[PDB]
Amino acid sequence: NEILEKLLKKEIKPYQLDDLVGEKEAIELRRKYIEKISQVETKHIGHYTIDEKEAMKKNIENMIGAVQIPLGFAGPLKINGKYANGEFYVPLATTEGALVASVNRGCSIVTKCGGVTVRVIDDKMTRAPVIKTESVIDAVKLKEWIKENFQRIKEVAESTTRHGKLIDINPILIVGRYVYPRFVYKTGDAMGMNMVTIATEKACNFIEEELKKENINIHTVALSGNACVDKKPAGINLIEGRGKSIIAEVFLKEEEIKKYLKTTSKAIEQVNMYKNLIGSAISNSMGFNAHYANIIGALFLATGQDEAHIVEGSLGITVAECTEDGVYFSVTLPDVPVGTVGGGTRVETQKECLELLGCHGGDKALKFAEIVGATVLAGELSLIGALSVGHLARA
């Protein structure tokens, strides 16, 4: 209590508290400190089961408790992938009512029609520093030096990690006398944020020194020059991709569309065109889709992905096309940063959710990516199919 009063008088700050007291009671002191300031008592945030010692060290600061997100599932979901095969029951954490049911309805239709074909198109994590040079003349020299000494930069970056591998520096953007080199890494099963920052920092320190020997002065202004692009919607991510780039598709027969979706293939194609394609074009949107962010969001929260990367997962294009025997229906997500180790996957509830998919640990990120894509297709098909019903009726 004397500590609590020193917190109120601000002789001691909440951040330094963990060294004066145990970490378990550190959470209670912080929880009661902010309760007294706000004049409100809490019952729920203080009741959790995750490991507070490890959470403080890797996942959060100034911990006062935990929030609880309702967890449901959608399934069964038959997937025909390179890494995911069989039927999956997918966990989904959300506070939006009807979202899990919409995906679950999509999973059932897809599974009864043979499952989703899905493939990972690309797999990379990127970091794009901004480097200042004295003039455009140096910016050109800097760019051409990078491209011709890539193997040297690759050894320097890779000496910082047992798990990362630098595969490219492309594109290299120049605006005036500023250079934005997009370092491209393989990250194994980690999402790779921390690894690509450390590998790129050493790479940039090395470039700066090597160029200084050639009488060219540069310096990195910031390791993230907003050309990565990280946690913002960007054309560079839509085009070049980031994280996992995933495509999932199904072919449905006309009789399956009538039986399970209660509609027709031309209606589905019309809805997709008027809404997902034309509607996104005229409002200058980067999401030519209906529901990716919602499905990405629910699956990311359950499995401990970075919540801000829902921004990146909202990019993409749904294609629905009439075929002779029914529809072709596909989702394309060029920008899905996921991982099955590190980050939030270590928090206990999220670990269990990955275990229910068989996707926690090493050699599982590509499997998890394929599940992500199949789940998005299932849910995008459910939503687009339900809209085509109302479309048919009203017409």
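Don't overthink the numbering: it's just position in the shown sequence, from 1.
- On average the C-alpha atoms of 251 to 259 have higher B-factors than those of the other stretch, with 275 to 283 and 251 to 259 being the two compared.
- Averaged over CA atoms, B-factors in the entry run higher in 212 to 220 than in the other of 169 to 177 and 212 to 220.
- Within the listed group 122, 325, 230, 269, the record reports its top CA B-factor for 325.
- The maximum CA B-factor among the listed residues 371, 386, 378, 21, taken from the PDB record, is found at 21.
- The PDB entry assigns residue 339 a C-alpha temperature factor belonging to the lowest third of its chain's modelled residues.
- Among the modelled residues of its chain, residue 149 has a C-alpha B-factor that falls in the highest third, as given in the PDB entry.
- Annotation for residue 159: CA B-factor lies in the highest third of the chain's modelled residues.
- Ranked within its chain, residue 87 lands in the middle third, by CA B factor from the PDB record.
- The deposited CA B-factor of residue 129 belongs to the lowest third of values across its chain.
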